[PDB]
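So you can see what is in the structure, the chains are spelled out below.
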Amino acid sequence: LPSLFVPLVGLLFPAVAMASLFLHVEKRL
Amino acid sequence: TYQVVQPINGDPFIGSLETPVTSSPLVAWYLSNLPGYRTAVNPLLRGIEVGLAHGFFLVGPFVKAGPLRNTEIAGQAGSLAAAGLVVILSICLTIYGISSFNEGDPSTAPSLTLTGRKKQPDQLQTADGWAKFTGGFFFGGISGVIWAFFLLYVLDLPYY
Amino acid sequence: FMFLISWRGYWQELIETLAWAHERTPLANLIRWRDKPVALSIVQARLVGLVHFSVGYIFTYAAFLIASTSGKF
Amino acid sequence: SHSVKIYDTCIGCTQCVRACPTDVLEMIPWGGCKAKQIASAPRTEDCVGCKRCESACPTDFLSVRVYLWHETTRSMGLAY
Amino acid sequence: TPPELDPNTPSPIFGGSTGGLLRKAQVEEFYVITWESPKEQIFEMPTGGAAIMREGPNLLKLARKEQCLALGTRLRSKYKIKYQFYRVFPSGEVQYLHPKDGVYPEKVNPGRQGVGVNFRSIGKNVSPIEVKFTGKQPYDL
Amino acid sequence: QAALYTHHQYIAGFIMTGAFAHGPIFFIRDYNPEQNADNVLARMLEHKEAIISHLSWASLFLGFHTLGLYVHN
Amino acid sequence: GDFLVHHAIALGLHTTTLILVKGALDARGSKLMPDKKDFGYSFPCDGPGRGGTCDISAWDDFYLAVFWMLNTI
Amino acid sequence: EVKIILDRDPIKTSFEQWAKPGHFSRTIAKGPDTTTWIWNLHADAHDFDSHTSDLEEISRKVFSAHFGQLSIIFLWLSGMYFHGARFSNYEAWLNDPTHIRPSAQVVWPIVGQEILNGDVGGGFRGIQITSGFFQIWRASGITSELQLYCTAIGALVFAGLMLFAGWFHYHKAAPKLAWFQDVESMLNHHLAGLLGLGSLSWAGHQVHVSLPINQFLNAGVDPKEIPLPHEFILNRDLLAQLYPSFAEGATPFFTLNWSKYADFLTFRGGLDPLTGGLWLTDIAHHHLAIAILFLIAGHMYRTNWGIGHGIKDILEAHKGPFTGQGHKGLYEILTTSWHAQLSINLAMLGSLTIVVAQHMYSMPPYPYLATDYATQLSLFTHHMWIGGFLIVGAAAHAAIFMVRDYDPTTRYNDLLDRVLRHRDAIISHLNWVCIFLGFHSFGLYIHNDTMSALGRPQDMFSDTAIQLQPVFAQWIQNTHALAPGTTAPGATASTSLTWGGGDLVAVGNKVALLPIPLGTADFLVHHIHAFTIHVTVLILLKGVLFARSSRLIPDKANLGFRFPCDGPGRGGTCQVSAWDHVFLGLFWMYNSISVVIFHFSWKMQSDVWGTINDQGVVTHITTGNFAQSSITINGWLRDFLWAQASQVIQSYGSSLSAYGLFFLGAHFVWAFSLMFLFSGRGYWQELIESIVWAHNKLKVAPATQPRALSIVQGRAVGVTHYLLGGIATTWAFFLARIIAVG
Ligand code: CLA
Ligand code: CLA
Ligand code: CLA
Ligand code: CLA
Ligand code: CLA
């Protein structure tokens with residue numbers, strides 16, 4: 001049942017994305 | 001002539017005030033003994049305690065108010081969710097630390113004691129310590145969930 | 001309507017009382033913010049307000065347009 | 001910080017300097033008007049941008065202008 | 001002329017307020033305003049409610065400066081007083097801010113040199129396009 | 001049929017306001033007064049009060065009577 | 001019935017245009033703010049002096065016009 | 001010191017100042033240069049302490065102003081009584097109150113309005129009133145239109161006396177500042193003189209006119225046959241046949257040994273099964289206790305005989321470890337600042353109006369008031385708004401005091417101090433409670449909506465699923481049920497029928513009152529009330545506490561009480577002023593009161609009001625759907641708004657079409673407010689520039705230079721129309737619904 005791509009888009013991608021953005025945003029070169 | 005309410009540490013030009021809920025001997029004793037405030041202890045060590053307590057506690061709300069039980073045999077599985085939330089949280093902590101503290105940097109806590117005893121360097125609050133704290137928070141978080149769940153299997157408690 | 005009717009000075013003064021709270025709360029002031037919390041700017045408010053007003057506008061009528069039609073066809 | 005300029009249209013009334021809440025402007029000798037003085041913005045780093053200065057200028061068009069620029073802690077009026 | 005220096009002078013009688021200094025004072029900056037009082041008097045605190053001036057030299061630490069001028073301005077009128085305020089920083093260096101040039105800013109002083117004044121006054125500034133791509137800005141000219 | 005019509009009329013509407021947004025932006029960022037001296041574009045600004053007041057009259061005329069007739073009925 | 005709604009439509013068009021072109025033609029300045037250029041397309045205002053100048057920027061009448069365009073469509 | 005009457009001789013009386021607009025202000029008496037002048041003239045008209053700084057003059061202005069107010073109220077009462085005499089069917093209604101609709105306004109036959117003169121019964125054409133005056137008049141024993149006509153003249157005469165007094169006490173004999181300040185005196189009189197004698201006086205008319213006449217009306221005798229009230233005073237025989245205790249004179253009262261007066265005075269409690277109103281025998285008795293109580297209370301404060309209390313003494317002696325020397329200096333503040341007094345009085349008078357509404361619906365005082373749902377819904381809703389507004393006004397003047405009269409160097413308080421010295425702790429906490437209440441009241445609804453829409457009714461917060469039974473209110477409810485005989489042996493029946501349990505009262509075919517059920521639906525709405533109220537409190541208290549200073553604006557007090565802002569600096573400082581907090585609080589009061597009166601309207605129709613036949617079968621108006629459908633926002637949209645709004649949108653051609661017109665009419669001005677609330681005067685002033693150009697072109701530009709509304713006025717105009725529009729909509733909606741269905 002491919003409909004299990006939903007969580008990946010639904011949650012995993014968002015979590016990774018958020019974490020990454022958060023890090024990039026708080027970075028101090 | 002005796003007022004109970006006083007400026008903080010005797011300094012009226014600084015933020016806070018002194019009240020029975022802030023500087024009572026009972027409140028002071030209690031807060032100084034939480035795992036968080038044991039400045040002199042391993043951060044990792046301090047964390048695990050927080051995880052264990054918090055983990056254990058989280059199982060209750062998930063299981064009892066969960067869609068899966070509510071008369072539905074799923075039951076104690078909820079606890080599993082709780083095991084999922086301590087993962088989310090761990091992630092956040094790891095993030096907070098990574099972003100906050102840098103590797104080379106030193107502690108950012110405050111070295112002066114309330115009484116001015118300059119004598120005290122302190123804490124985690126460093127890239128190294130925080131990682132330890134979260135790392136321990138996790139281990140404790142998972143273990144907390146498991147033991148509550150473990151009790152759930154054995155049963156006997158009045159609520160569930 | 002909140003962003004469009006209430007303006008900034010009110011929220012700025014509210015947040016700075018919350019800035020006080022966080023620093024004076026035990027166990028919570030172990031965690032410090034890296035970005036200073038402030039009220040949304042004057043223009044930003046009108047943008048955020050308008051977006052809500054517009055999103056609501058479009059989503060409300062669309063819910064009505066489709067349902068009333070497709071319910072009857 | 002914000003940008004604040006003055007123009008030879010200034011008449012030396014000195015009102016803005018009196019109006020400013022953060023001591024940004026001051027008066028300096030000049031010879032372009034009967035008052036023989038003109039405003040100056042030597043400390044634009046402390047300005048907040050409330051425009052109380054502008055609100056107090058009687059020139060036809062403001063002789064003191066405040067161009068809101070990059071935001072700093074000082075300009076954002078933060079006590080924290 | 002050199003500014004005054006301080007500091008070991010006492011501070012006014014107050015009971016404590018929530019409007020007081022915060023972490024910003026510890027890690028960014030904080031300000032001090034100082035004055036001489038003829039009598040022991042009562043005044044309204046910008047941050048808090050009510051405080052008592054102490055006769056003789058007085059020292060007050062406030063966050064933000066504007067608080068310093070607001071109180072100081074009140075000190076000048078209301079009661080007649082002479083005041084000064086400095087910027088503390090956290091290292092320990094201090095910086096004299098106001099008055100900063102002998103006299104107050106309202107009064108013209110010869111020592112002062114102009115900053116940010118355009119001799120072509122008016123709104124004779126050029127259109128934005130003219131400076132387009134030139135880091136400049138029309139007013140800066 | 002209902003969906004598609006409503007879809008495009010809102011798209012068209014949003015697009016129309018944007019068209020009248022970059023028009024202003026042009027006047028501020030790119031418009032060169034000397035290089036457009038006395039041409040049709042410049043004359044617009046030259047009699048801008050006349051343009052605006054009549055648009056105001058047309059809006060007031062339509063508004064007063066369309067509402068007026070609706071309320072009467 | 002078709003007659004009346006069309007005038008409503010006419011009302012909607014004229015007002016939204018009135019807002020937008022008043023915004024465009026006043027982007028570079030007015031009597032209240034002769035130098036509205038130098039400040040750009042989008043700025044919060046010009047303070048409470050000279051009577052008060054909220055929503056005086058060309059960005060802000062766009063902001064106003066969207067409401068009317070939403071009403072029109 | 002010794003308290004006495006102090007006045008001064010004539011202080012001018014001429015039309016000279018009528019001819020000079022804005023004379024009261026030195027800035028505005030010079031005339032207009034712009035159109036702003038005109039608005040300022042009306043906005044500073046009543047700002048007396050802004051006119052002069054002398055406290056004596058301000059006090060004299062507000063004293064005559066109160067006479068002016070009373071004059072209007074007396075003129076207003078004169079009309080209601082007059083209209084009940086010339087243009088009403090009160091005499092018709094007096095025979096058949098249960099079927100005939102009360103009406104007291106006839107419309108002229110011009111342009112087609114005569115349609116509004118509908119079938120109100122009694123062979124009469126007019127507009128149904130919901131003021132409630134018919135039930136007051138019947139309760140006072142008013143029989144004929146002659147008596148209403150005499151009261152009309154009496155009120156009008158009083159209106160003249162009030163108006164004359166105001167002139168006399170400002171232009172002829174003006175009270176001195178020392179006279180106004182005698183607060184120990186004034187409280188003694190208002191406690192004993194106004195309230196004590198006032199309640200005593202009405203207890204008399206009741207036990208001589210109301211109680212005798214009402215008994216005749218209930219016996220079923222024709223109103224025209226009933227002897228006039230004065231036939232009861234003269235011939236005691238009539239008032240002896242009924243209520244035989246009158247056989248004796250002052251005895252037993254004079255000989256004590258109370259009482260054989262239990263005959264016309266009792267602690268019966270409950271509700272009259274024939275009139276649906278509170279027992280008149282209880283109400284008369286009630287006013288007897290109130291009189292004496294206030295007469296006793298009127299002798300606490302010391303005046304000119306050394307016996308009593310100095311209020312200044314009482315306050316100073318109330319100081320604790322936690323509070324300092326607090327309460328000291330409050331007497332000098334409250335005797336020196338009008339705004340300080342007005343804030344307390346508004347807060348309390350406003351709070352009183354709110355408890356009045358909740359008390360008049362659950363304990364119907366006037367005969368045939370309960371089953372007239374049209375009036376009860378109107379009375380409750382009316383007082384809720386009046387009380388609601390007055391409370392917001394308390395915040396305004398509390399703020400004004402902080403800005404204008406607050407001086408630590410002259411009139412320190414210590415209690416007011418400390419509060420300012422931790423104002424961030426109070427506001428930050430009140431901030432938190434609101435967020436907690438928002439989530440835990442409204443969030444529960446959104447939860448319910450989502451679960452229902454997903455087809456999971458068992459995952460909702462409801463009586464049939466996850467229950468939130470309000471047990472604390474239920475336990476109390478049960479306690480008042482078991483109150484008579486057990487707790488209060490003197491009480492025969494319950495306090496209210498909402499606590500009855502197994503008791504019901506009906507008049508005609510309609511239900512007067514019955515035990516009101518409480519469930520999860522009632523739990524959710526009450527926390528919504530707890531939520532909305534706090535947020536209103538937050539906005540207003542924040543405005544008062546931070547009125548003078550702030551970390552953002554150290555010298556906000558210098559900018560005044562009513563200013564637009566302090567510029568776009570510091571990120572922007574719009575609506576920092578205390579005025580703008582009152583302005584913001586106004587919307588939230590509206591938000592709170594609106595969900596309160598919706599809570600009332602639905603609960604009453606669904607669970608209380610309805611038809612009852614002689615088999616016991618009760619059929620409620622909306623049929624008890626409150627429990628299962630008020631727990632969802634879609635339910636409120638559908639089963640409440642959509643369903644019940646059908647009467648007002650189907651009222652064209654009917655007698656209720658004016659409500660149909662006001663329904664749309666109010667939607668209009670509400671949306672109209674949004675133009676002012678979402679925009680700024682910068683745009684409008686520039687638009688006016690192009691329009692001013694056109695007039696100059698045709699040589700028709702006015703000297704009074706047109707200007708856009710001030711920043712503050714734009715907010716004043718906006719919130720005013722937002723309130724007028726929103727409230728008037730619900731008004732038209734309520735009245736059409738309850739008149740048609742009820
Ligand atoms: C597309 C995005 C998305 C997806 C896939 C889900 C999926 C789910 N939601 Mg969530 N939710 C979302 C968005 C989403 N939600 C948003 C936007 C909101 C805010 C309105 C919520 C608010 C919400 C609430 C309040 C609840 C849910 C619940 C649920 C679960 C209900 C089904 C169930 O009972 O089975 C099984 C039930 C279980 C408890 C199985 C547990 C699942 C295991 C523990 C996963 C392990 C943890 C995971 C690996 C950690 C995440 C790592 C990742 C971030 C990298 C299901 C897993 C319910 C729930 O989870 O029950 C407590 C529930 O209470 N959702
Ligand atoms: C009848 C003769 C008379 C004359 C010639 C005056 C003349 C004067 N009065 Mg006096 N006054 C009078 C009667 C009179 N008054 C009465 C009967 C009262 C008792 C209420 C007062 C109470 C009074 C006070 C408290 C004050 C004066 C003041 C003044 C001076 C200011 C002039 C002015 O603008 O007034 C105003 C002209 C008006 C037309 C105002 C009309 C206000 C009425 C009451 C409104 C009625 C409410 C209305 C129905 C609301 C519905 C509105 C709706 C329909 C839209 C002026 C010398 C003022 C003063 O001394 O100057 C500093 C002052 O403070 N008067
Ligand atoms: C339903 C609410 C509402 C209404 C009625 C209006 C009405 C109007 N708008 Mg506004 N607008 C609104 C909402 C509304 N707007 C909102 C939410 C926004 C976003 C902020 C705007 C933003 C906006 C902008 C930027 C502009 C307008 C303009 C206008 C005017 C357009 C010309 C016109 O119709 O002439 C007819 C007039 C009317 C339809 C209103 C008159 C009302 C009655 C019929 C007058 C008669 C009164 C009657 C005697 C009763 C008196 C009562 C008594 C107490 C005195 C008109 C007054 C434009 C303008 O100023 O035109 C030149 C303008 O540029 N609007
Ligand atoms: C005991 C009652 C009471 C009294 C005596 C006062 C007295 C005062 N107030 Mg307060 N106020 C009150 C209650 C009261 N207020 C309440 C309940 C609120 C909450 C809304 C307020 C909120 C408030 C604010 C925000 C302010 C005041 C201010 C003032 C001062 C000047 C106001 C003025 O000039 O009048 C002028 C009167 C008008 C301009 C009339 C305007 C008409 C209104 C807005 C709409 C009426 C519509 C009507 C109800 C129905 C529509 C009919 C229409 C179609 C014709 C004056 C001391 C001002 C001040 O600065 O204090 C020193 C000030 O800014 N008040
Ligand atoms: C319907 C529109 C609306 C909404 C939702 C709000 C909401 C709120 N207002 Mg505003 N307000 C409004 C209109 C609105 N207001 C308007 C038109 C005005 C102009 C007068 C104001 C003026 C105003 C003032 C002056 C204040 C507020 C305050 C508040 C907050 C009160 C505290 C609270 O309840 O926390 C709870 C939050 C909610 C109940 C919002 C709903 C939350 C949902 C149901 C749950 C979360 C969804 C989901 C789980 C999130 C994840 C989704 C993910 C995909 C991102 C709250 C956020 C006060 C404040 O700041 O708080 C202390 C404050 O002082 N309002």
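Right above here is the structure, for reference.
Reference entry: report on the structure contained in this document.

### Some words on the environment of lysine 36 of chain D
All names here are of chain D.
1) Next: As for its placement among the helices and strands, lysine 36 is situated in the loop between β2 (26–29) and β3 (37–40).
2) Next: On the basis of relative accessibility, which here comes to 55%, the residue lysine 36 falls in the exposed class.
3) Next: The sequence separation of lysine 36 and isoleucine 11 amounts to 25 residues, and the corresponding C-alpha distance is 8.1 Å.
4) Next: Once you skip the residues sitting within four places of it in the chain, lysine 36 turns out to touch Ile28, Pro29 and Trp30.

### Let's talk about the site of ligand 1
1) Next: Around ligand 1, the neighbouring residues are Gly10, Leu11 and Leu12 of chain A together with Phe62, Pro67, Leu68, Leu80, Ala81 and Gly84 of chain B.
2) Next: Looking at the residues close to ligand 1, they fall on chains A and B.
3) Next: Within the residue set of the shell around ligand 1, elements represented by two or more residues are α1 (6–26) of chain A together with α4 (78–100) of chain B.
4) Next: Partitioning the shell around ligand 1 into residue classes produces seven nonpolar, two polar and no charged.

### Comments concerning the packing of aromatic side chains
1) Next: Under the definition given, this model contains 83 aromatic pairs over all chains.
2) Next: Arranged with centres 5.8 Å apart and planes meeting at 50°, the rings of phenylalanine 39 of chain G and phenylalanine 43 of chain G form a pair that is tilted. With respect to class, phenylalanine 39 of chain G is no different from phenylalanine 43 of chain G; both count as buried.
3) Next: Each ring, one from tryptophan 93 of chain H and one from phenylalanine 134 of chain H, has its centre 5.4 Å from the other, and the planes form 65°; the classification is edge-to-face. Here the residue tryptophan 93 of chain H occupies a position in helix α4 (residues 90–93), and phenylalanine 134 of chain H occupies one in helix α5 (residues 133–139), the gap between them amounting to 41 residues. When sorted by exposure, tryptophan 93 of chain H lands in the same class as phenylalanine 134 of chain H, which is buried.
4) Next: Directly above the ring of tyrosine 149 of chain H sits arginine 86 of chain H, whose terminal nitrogen or CZ lies 4.5 Å from the centroid.
5) Next: A cation over a ring is seen here: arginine 421 of chain H above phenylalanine 14 of chain E, with NZ or CZ 6.0 Å from the ring centre.

### Let's talk about the interface of chain D and chain E
1) Next: Facing 37 residues of chain D, the contacting portion of chain E comprises 35 residues.
2) Next: Those elements giving two or more residues to the side of chain D that touches chain E turn out to be β1 (3–7), α1 (15–19), β2 and β3 of chain D.
3) Next: When grouped by side-chain class, the residues that make up the side of chain D that touches chain E number 21 nonpolar, eight polar and eight charged.
4) Next: Examined bridge by bridge, β1 of chain D and strand β7 (residues 117–118) of chain E share two bridges and lie parallel to one another. If you follow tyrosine 7 of chain D over to β7 of chain E, its bridge partner there is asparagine 118 of chain E.

### Remarks on the pattern of salt bridges
1) Next: Here the structure, examined in full by the defined rule, presents 52 salt bridges over all chains.
2) Next: Of the charged contacts in the structure, one is a salt bridge between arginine 50 of chain G and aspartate 46 of chain G, with a shortest N-O distance of 2.5 Å.
3) Next: Look at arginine 50 of chain G and you get partly exposed, because its relative accessible area is 31%.
4) Next: Classification of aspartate 46 of chain G as buried rests on a relative accessible area of 2%.
5) Next: The partner of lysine 603 of chain H in a salt bridge is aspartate 522 of chain H, and the shortest N-O contact between them spans 2.7 Å.

Reading the values: the criteria
- Residues numbered from 1 in each chain as written, not as in the entry; some residues may be left out.
- Chains lettered and ligands numbered in written order.
- Part of a larger assembly, values for the part shown.
- Heavy atoms only, no water.
- Residues with missing side-chain atoms left out of burial classes, pairs and counts.
- Helix = DSSP H or I, 4+ residues; strand = E, 2+ residues; numbered from the N terminus.
- Buried < 20%, exposed > 50% of the residue type's maximum accessible area, 1.4 Å probe, protein only.
- Contact = heavy atoms within 4.5 Å.
- Near = heavy atom within 4 Å.
- Nonpolar A, V, L, I, M, F, W, Y, C, P; charged D, E, K, R; others polar.
- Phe/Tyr/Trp six-rings, centres within 6.5 Å; stacked < 30°, edge-to-face > 60°.
- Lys NZ or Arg CZ within 6 Å of the ring centre and 35° of its normal.
- Pairing = 2+ DSSP bridges.
- Salt bridge = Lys/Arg side-chain N within 4 Å of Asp/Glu carboxyl O.

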